[PDB]
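In: what would the 3D arrangement of this be:
(chains A, B and C)
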Amino acid sequence: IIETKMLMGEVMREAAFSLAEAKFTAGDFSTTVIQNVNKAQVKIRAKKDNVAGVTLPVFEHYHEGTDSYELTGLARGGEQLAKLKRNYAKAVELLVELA
Amino acid sequence: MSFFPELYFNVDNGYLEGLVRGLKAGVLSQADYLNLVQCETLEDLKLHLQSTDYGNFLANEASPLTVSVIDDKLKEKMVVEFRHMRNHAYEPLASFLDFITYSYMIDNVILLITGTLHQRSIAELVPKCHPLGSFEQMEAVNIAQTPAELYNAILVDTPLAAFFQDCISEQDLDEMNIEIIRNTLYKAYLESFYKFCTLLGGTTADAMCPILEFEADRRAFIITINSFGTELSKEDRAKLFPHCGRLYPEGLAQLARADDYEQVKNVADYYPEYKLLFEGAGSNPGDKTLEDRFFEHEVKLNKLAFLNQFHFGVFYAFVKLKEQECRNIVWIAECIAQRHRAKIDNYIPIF
Amino acid sequence: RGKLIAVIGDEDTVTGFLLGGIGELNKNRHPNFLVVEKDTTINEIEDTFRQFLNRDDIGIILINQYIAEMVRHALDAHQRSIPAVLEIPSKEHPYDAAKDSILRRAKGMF
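Out: Numbers count the residues shown, from 1 in each chain, chains lettered A, B, ... in the order given. Find the structure here:
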């Protein structure tokens, strides 16, 4: 967990850098996605795992087949936003794992 | 007019021309870029911006420093300067500056809608409105979470009710999603602007035709490239394009029918400067990309615009270029805030 | 399938995470997040933190450094397992390894 957290800090660093880059090239779109939240697509579920007779929990990521912001900013640019999407998806994977 | 300018334009707009170019005089230079790229901390950034016309404003405020304060301060200076410029204007200019307001009132009404869909009140949305499109009008409140009276409100107060008159219905409002709606409104708005510009011919039309033409073409190309990843049908794409582009007689349908990036590249490769733009876009990890090139094209065309002086294009170009300058400053502060040094030189060099 | 990540933080992180795909409104129309700014009161943030702790549909909560510091007393009072709590960096607060409750649970094993 210590090692994974050390990796987490750096990946958050460049994720925030790319976020700021996309915000520069796209203007102030934050309030849009803030107000357009309707449904999630990432979810989690808890399985059990017993070692040496004692139980501990484990979390797993499910990728529901749905989206809400699939085409935000279609007339100005959305490729940097898609880079943010995949970056933050792999971030969510890592965060759920260390959780 | 009619090959005989400088009989009416100067007589009634000389002073405003003087202001717009005096403000253009305060544009930053490459020397300023060289001076500010060696700050390494926001305190040094304000200390070096003290030299330029933004000096002494950053002080007496913001004991801590962050991107937000500089961003909304530059926005504040923008809006107060424009408003001061605009509210001494005469009617031929009043049309144009009303359009400048409206081009962001479109995004304002984007923000306003979806309020009733999520049952929200106005006064919490009002701060997040774009300052240039404040619109300062009554009966924009107490909407009671009812879309019909919202239709009524946008009709009665907003002169984009002309576009809402035919391009939108209540069914489109409460079934179709916000983004195709705002795209269609922006298209109809640009077409209204174009026909108004042609109505007022002369040298103004000569200056303004290329900017609006490239605006339409860039919008078309952007929607074409972004439509790939979505499930949207091709007929919707065909609708979304404007009727002003050079490709409208032919080649816009070709772009709509094309479903591959190479096909779009081939279609775009039939006009020389667009060939240069697209081949320049290597789009690999280590060079800039298409929208950057479009930004350089926009600024160079605005530069060609200020080169001319007998026209109301000098009453537009600085606005767009000044916006670019503001976001450039925000980029500088961002790079300071991240200590990322391999992308400092990724700023558009406008003067 | 039904459980979701809740996040409380500044505007950039919540924007990027809502982009990441988290985010729901329940049947009673209550968000799974709260945006923090300069004019966000202490009582309201700790109250909403208690509300999220009570809610049985989150599992994971994310907090940036300074918000955790300002509500550190409740986090130290927290002694449960299923409502897991983690920490994330921020733009102006670079993360430091010497401030986290999970390390207090295993203090000295550095």
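
In: need the residues of chain A near chain C, please.
Out: Chain A comes close to chain C at residues A:5, A:8-9, A:12-13, A:15-16, A:19-20, A:23, A:30, A:33-34, A:37-46, A:57, A:59, A:62, A:64, A:67, A:69, A:81, A:84-85, A:88-89, A:91-92, A:95-96, A:98-99, as judged by C-beta under 8 Å from any C-beta of the partner chain. In this view, the C-beta of every residue, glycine as well, is placed from N, C-alpha and C.

In: from these, which would you call buried?
Out: Listed as buried from the residues of chain A next to chain C are A:5, A:8, A:12-13, A:15-16, A:19-20, A:23, A:30, A:33-34, A:37, A:40-44, A:59, A:69, A:81, A:84-85, A:88-89, A:91-92, A:95-96, A:99; burial here means 16 or more other C-beta atoms under 10 Å in any protein chain shown.

In: intersect those residues with the contacts of chain B.
Out: Checking those against chain B (C-beta under 8 Å from any C-beta), the matches are A:13, A:16, A:20.

In: rewinding a little: among the buried ones among the residues of chain A next to chain C, which are located in helices?
Out: A:5, A:8, A:12-13, A:15-16, A:19-20, A:23, A:30, A:33-34, A:81, A:84-85, A:88-89, A:91-92, A:95-96 (DSSP state H).

In: let me know whether the host helix or strand of residue B:303 sits next to chain A.
Out: Per DSSP states H and E, residue B:303 falls inside helix B:290-307. Yes. Against chain A, helix B:290-307 shows contacts by C-beta under 8 Å from any C-beta at residue B:291.

In: buried stuff in that helix?
Out: Quick answer for helix B:290-307 (16+ other C-beta under 10 Å): B:290-291, B:294-295, B:297-299, B:301-302, B:305-306.

In: repeat that for stretch B:337-349.
Out: B:337-338, B:347-348.

In: which of those residues sits closest to chain A?
Out: Using C-beta to the nearest C-beta, residue B:338 comes nearest to chain A of the buried residues of stretch B:337-349, at 5.2 Å.

In: the closest one and residue A:18 touch, don't they?
Out: No. With contact defined as C-beta atoms under 8 Å, residue B:338 does not count as touching residue A:18 (10.3 Å).

In: could you list every residue that touches residue B:139?
Out: B:153, B:156-157 (C-beta atoms under 8 Å, 6 or more residues apart in numbering or on different chains).

In: and stretch B:110-117, is it in reach of chain A?
Out: Yes. Judged by C-beta under 8 Å from any C-beta, stretch B:110-117 and chain A are in contact via B:110-111, B:114.

In: which element is the residue lying closest to residue B:86 once chain neighbours are set aside on?
Out: Excluding its sequence neighbours, the residue lying closest to residue B:86 (C-beta to C-beta, 6 or more residues apart in numbering or on different chains) is residue B:97, at 4.4 Å. Using DSSP H and E, residue B:97 sits in helix B:91-112.

In: for the helix or strand that that helix is followed by, packing partners?
Out: Using DSSP H and E, the helix or strand that follows helix B:91-112 in sequence is helix B:122-125. Where contact means 3 or more C-beta pairs under 8 Å, 6 or more residues apart in numbering or on different chains; DSSP states H and E, helix B:122-125 is packed against helix B:91-112.

In: distance between the helix it packs on and the chain's centre?
Out: The chain centroid and the centroid of helix B:91-112 are separated by 11 Å under C-alpha atoms, centre = their mean, to the nearest Å.

In: pull the CA atoms of that helix into PDB?
Out: Extracted C-alpha coordinates of helix B:91-112, given in PDB (Å, rounded to 0.1, in the frame of the first residue of the first chain):
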ATOM      1  CA  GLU B  91     -26.300  52.500 -34.200                       C
ATOM      2  CA  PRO B  92     -24.200  50.900 -36.900                       C
ATOM      3  CA  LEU B  93     -21.800  49.900 -34.200                       C
ATOM      4  CA  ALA B  94     -24.600  49.200 -31.800                       C
ATOM      5  CA  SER B  95     -25.700  46.300 -34.100                       C
ATOM      6  CA  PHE B  96     -22.200  44.800 -34.000                       C
ATOM      7  CA  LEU B  97     -21.600  45.200 -30.200                       C
ATOM      8  CA  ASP B  98     -25.100  43.800 -29.600                       C
ATOM      9  CA  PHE B  99     -23.900  40.800 -31.600                       C
ATOM     10  CA  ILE B 100     -20.800  40.600 -29.400                       C
ATOM     11  CA  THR B 101     -23.000  40.400 -26.400                       C
ATOM     12  CA  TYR B 102     -25.300  37.900 -28.000                       C
ATOM     13  CA  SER B 103     -22.400  35.500 -29.000                       C
ATOM     14  CA  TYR B 104     -22.000  34.900 -25.300                       C
ATOM     15  CA  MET B 105     -25.700  35.300 -24.400                       C
ATOM     16  CA  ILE B 106     -26.000  32.100 -26.300                       C
ATOM     17  CA  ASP B 107     -23.900  30.400 -23.700                       C
ATOM     18  CA  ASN B 108     -25.800  32.300 -21.000                       C
ATOM     19  CA  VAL B 109     -29.100  30.700 -22.200                       C
ATOM     20  CA  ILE B 110     -27.300  27.400 -22.300                       C
ATOM     21  CA  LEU B 111     -26.600  27.900 -18.600                       C
ATOM     22  CA  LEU B 112     -30.100  29.100 -17.900                       C
END
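
In: tell me which residue of chain C lies closest to chain B.
Out: Relative to chain B, the nearest point of chain C is residue C:91 (6.2 Å; C-beta to the nearest C-beta).

In: just say helix, strand or coil for that residue.
Out: coil (DSSP: H, G, I helix; E, B strand; the rest coil).

In: which residues touch it?
Out: Here residue C:91 is in contact with A:16, B:337, C:10, C:12 (criterion: C-beta under 8 Å, 6+ apart).

In: what are the phi and psi values at it?
Out: Reported as degrees, to the nearest 10, the phi and psi values for residue C:91 are phi -70, psi -50.

In: quick one on the thing from earlier: what would the residues of stretch B:110-117 next to chain A look like in JSON lines with neighbour count and distance to residue C:49?
Out: As requested, those are exported to JSON lines (neighbours: other C-beta atoms under 10 Å in any protein chain shown; distance: C-beta to C-beta, whole Å):
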{"residue": "B:110", "neighbour count": "18", "distance to residue C:49": "33"}
{"residue": "B:111", "neighbour count": "18", "distance to residue C:49": "29"}
{"residue": "B:114", "neighbour count": "15", "distance to residue C:49": "28"}
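
In: can you pull out the strands in chain B?
Out: Counting by DSSP state E, chain B has no strands at all.

In: got the contact list for residue B:34?
Out: Under the criterion of C-beta under 8 Å, 6+ apart, residue B:34 has no contact partners.

In: ok, which pair from the contacts of residue C:91 is furthest apart?
Out: B:337 and C:10 (13.0 Å; C-beta to C-beta).

In: so who does residue 20 touch?
Out: If you meant another chain, say so; for now it's chain A. By C-beta under 8 Å, 6+ apart, the contact list for residue A:20 reads B:334, B:337-338, C:12.

In: nope, chain C please
Out: Residue C:20 touches A:42, A:85, A:88-89, A:91-92, counting by C-beta under 8 Å, 6+ apart.

In: nearest to chain B, of the residues you listed?
Out: residue A:85 (10.6 Å).

In: check the buried residues of stretch B:337-349 against chain A, which are close?
Out: B:337-338.

In: now the buried residues of stretch B:337-349 as JSON lines including distance to residue B:215?
Out: Shown next, in JSON lines, are the buried residues of stretch B:337-349 (distance: C-beta to C-beta, whole Å):
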{"residue": "B:337", "distance to residue B:215": "32"}
{"residue": "B:338", "distance to residue B:215": "32"}
{"residue": "B:347", "distance to residue B:215": "23"}
{"residue": "B:348", "distance to residue B:215": "17"}
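
In: now stretch A:10-24, how far from the chain's geometric center?
Out: The answer for stretch A:10-24 is 13 Å, by C-alpha atoms, centre = their mean.

In: how many neighbours does the closest residue to residue B:149 other than its chain neighbours have?
Out: Closest residue to residue B:149 apart from its sequence neighbours, by C-beta to C-beta, 6+ apart: residue B:143 at 6.4 Å. Burial measure for residue B:143: 18 neighbouring residues, criterion other C-beta atoms under 10 Å in any protein chain shown.
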